[PDB]
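Take a look at this one chain, the form deposited without its partner chain, written out in structure tokens.
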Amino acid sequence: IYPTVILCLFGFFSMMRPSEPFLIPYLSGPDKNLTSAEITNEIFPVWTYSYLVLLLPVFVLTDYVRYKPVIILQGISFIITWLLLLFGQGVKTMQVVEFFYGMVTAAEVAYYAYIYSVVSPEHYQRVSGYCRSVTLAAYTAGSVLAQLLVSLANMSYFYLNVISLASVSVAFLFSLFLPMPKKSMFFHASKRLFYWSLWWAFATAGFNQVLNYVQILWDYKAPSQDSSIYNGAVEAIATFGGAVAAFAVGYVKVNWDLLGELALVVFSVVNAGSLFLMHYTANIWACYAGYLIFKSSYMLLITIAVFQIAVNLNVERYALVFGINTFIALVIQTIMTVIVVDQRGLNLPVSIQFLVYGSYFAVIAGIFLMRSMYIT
């Protein structure tokens, strides 16, 4: 339990980042003078570009070099990423910081697969669920902290970014004397399987692309320079809703395989409707409610998808299934980025971008409904 508690506390201090909600308001604020167009069209696409570039090498070398070094590399990457965010300036600096954040988010697979070697060959699911709950609770606490500080304390985003850097610093410091694994997973390595994997890849590509730009539409619909902004509380409530949706899907005892296609198409439709509510609204409270609804209804879909895909295959290659699924998901997301939002592609601003995102989520549901009418 001692490696478990070190991993738990490292995840808590690494995922409690108050600078995550107020990123673009901080990026586009008086501290750095970054216009929205240059952020959207150059800074953020390189994040998913580098994340795809570094997803396969990190996942393939995290067993060769064992799990702890990649976690300490994630800590170093957090340190350098937030050092560039706090002090670096320009646009090339903000592409380098996204390149580092790609590896930051790519080392999460190694962070999650480390716990395979510390407690039991079969209790992987329970401890991984505990670590997931700890990370989501850390994110919720960080968002509540950020919103509460900005609202009551009236505290500048530079000092809030300093707080996030200090948090990831303590997280890295609580990750050197991590018990180095002696157990390595490997050295040199149905009708529902491929179908549900394609569904998961599509849904998570759409989610990773929308999560990158909800903040940009948030300060587009209502400017962050004036009239206040409520990013942190909305993000905290949204991730709390996602967590309770996951826990509710796991908690309820029902035969999903009898008819899950209907109960999941009616959730993909709700996701598409929430995206269209994002795009077509004039207010910002409606957009915040749409974000709440969308992320709750998407975490429902993902918890269902991991429920059916987990029970089919063994725990040992359960991580390999996700490793070969998220690579396809990021390929889909990089084509989606290079045509939709990249400057060298079609150069769509955020204004006419959620229409395309809702069209994506509607086309996925239309393909699902077409698959149901195969007999007809």
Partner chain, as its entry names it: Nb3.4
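Note that the rigid core is defined as the largest set of C-alphas that superpose within 1.5 Å between two forms. Numbering follows the first chain given and starts at 1.
Only in words, not in the display: the form solved in complex with its partner chain, which the text now covers.
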Site check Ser190, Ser197 and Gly366: each within 4.5 Å of its partner chain in the deposited bound form by heavy atom: no
Is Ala37 close enough to its partner chain in the deposited bound form to count, meaning some heavy atom within 4.5 Å? yes
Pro349: heavy atom within 4.5 Å of its partner chain in the deposited bound form? yes
Consider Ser296 of the chain shown here, and say whether it contacts its partner chain in the deposited bound form, taking contact as heavy atoms within 4.5 Å. no
Answer yes if any heavy atom of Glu108 is within 4.5 Å of a heavy atom of its partner chain in the deposited bound form; otherwise answer no. no
Heavy atom within 4.5 Å of its partner chain in the deposited bound form: which of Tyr220, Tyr139, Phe267, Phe207? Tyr220
Single option in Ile216, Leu301, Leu160, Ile71 placed near its partner chain in the deposited bound form, where near means a heavy atom within 4.5 Å: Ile216
Which is the contacting stretch out of 252 to 260, 127 to 135, 208 to 216, 267 to 275, given heavy atoms within 4.5 Å of its partner chain in the deposited bound form? 208 to 216
In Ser169, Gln95, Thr105, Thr281, the 2 Å or greater C-alpha shift between the shown form and the other one, rigid core superposed, occurs only at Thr281
If you line up the core, does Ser228 shift 2 angstroms or more at its C-alpha between the shown form and the other one? yes
Please state whether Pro45 has a C-alpha shift of 2 Å or more between the shown form and the other one, with the rigid core used for the fit. no
Is the C-alpha displacement of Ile324 equal to or greater than 2 Å between the shown form and the other one once the rigid core has been superposed? yes
Since the C-alpha distance between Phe247 and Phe10 changes by 3 Å or more in the deposited bound form, give its direction relative to the shown form: closer or farther. closer
Closer or farther: how do the Cα atoms of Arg344 and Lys32 compare in the deposited bound form relative to this form, given a change of at least 3 Å? farther
